[PDB]
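Only one chain is given next, in structure tokens, and it is the form deposited in one PDB entry.
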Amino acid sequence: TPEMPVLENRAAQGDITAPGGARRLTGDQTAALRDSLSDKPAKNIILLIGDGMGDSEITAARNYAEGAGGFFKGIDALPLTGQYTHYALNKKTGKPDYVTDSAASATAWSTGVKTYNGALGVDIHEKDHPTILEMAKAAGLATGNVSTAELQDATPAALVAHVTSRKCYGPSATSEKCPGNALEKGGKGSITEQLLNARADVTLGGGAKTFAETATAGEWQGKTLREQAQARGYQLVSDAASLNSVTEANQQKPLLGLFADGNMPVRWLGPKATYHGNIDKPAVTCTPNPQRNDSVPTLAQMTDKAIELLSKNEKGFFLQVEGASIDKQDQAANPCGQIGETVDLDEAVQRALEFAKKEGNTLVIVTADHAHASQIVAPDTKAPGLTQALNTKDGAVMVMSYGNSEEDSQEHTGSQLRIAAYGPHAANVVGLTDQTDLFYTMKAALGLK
């Protein structure tokens, strides 16, 4: 009988110093693999995104948190793996732009068309194109948009919004930065306002600050975005205790949890990498962030509730879970913050895999939007940028380096990265593919049309 399996253990089998003791497999894969291939329809889809989580970011967090011959119960457990390209286009010339930002890349997987960096839901001609979420809804599936960033940030926003610039978070930014989108200029509106329009059953993340602006035009003009929200029938939740009370999230009782002003809190603290830090300074060991909270639902927590609330919908559902801050810490050149965010995501992947595993008609996908700056280097390295030596779980040190930007932020990079899936149609991620392929893969598995 055909049951699709999760790689349960890819950890180094024994004594890493002894022959074959560092092997990760116990026997031939053929059958296991031939047992995880199915073309049946996907009833639901859970797309987990580690912002900036390339293979470097994955390897680095593993070494610290699980040891080199370790294994990530979530991230590393998806059996079907590939590599996908994420280049953008230069708005002016339609020619590839090798390093994408999180806006253009999101647009690609959510709409199938490529775009200029900074765009959301529009192509180089600034023409809207419907997002997979919008399509799930029209079809009648339940829909979830969950993140650890502000909900107006590129990754989550790209599901609900179509503006010419990611910066048009709300009423004012928009008027000035996206006039042709500005309500009063008769546009569809700012990102937050377009978010309120799209009505996803479950929307959870930070970014409450912006909801405190008021409309310049339209029916709810003169009153805040926070107001219109409840006035439009939204059920709002600010802490975890209340998040749990929620027993229904639907088109009449749609949930909107704003758990932080800007970005929800990072899991681990640690200092910034610094010029010659692996030599001048002593090895660091990450420290859990005391202010991350009992009142703040973890990502894992948000994902579980969402899958629970979205599972009651008979027809099936679409959920996009985003571990936001990996990218934000990485450009920040903070190993500890970076790593903490990846483990943090490992939990969300796990919750997701636990459900699909039983449900049986769930395609779970884990990937990133683009690659980033961090590199794992030798302990004795003399580098041009910011480095830092960390004490890993092996009790050996690891040196992380960020050296592609003299400015404040460490730069995104452009290499192809890991794309992994599990479930009906996961075959479609194996081998080399393009980020726009993800959109088409998700539309067919769902039979969306």
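Counting begins at 1, following the sequence as shown.
One more form of this protein exists, namely the form deposited with a partner chain bound; it is left out here, but the text below deals with it.
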property: Site test, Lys177, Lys328 and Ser409 vs the partner chain in the bound PDB entry, non-hydrogen atom cutoff 4.5 Å; result: yes
property: Listed residue (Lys167, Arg232, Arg199, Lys357) with a non-hydrogen atom within 4.5 angstroms of the partner chain in the bound PDB entry; result: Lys167
property: Contact of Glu227 with the partner chain in the bound PDB entry (heavy atom, 4.5 Å); result: no
property: Distance check, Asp101 to the partner chain in the bound PDB entry, heavy atom within 4.5 Å; result: yes
property: 4.5 Å heavy atom contact, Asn117 and the partner chain in the bound PDB entry; result: yes
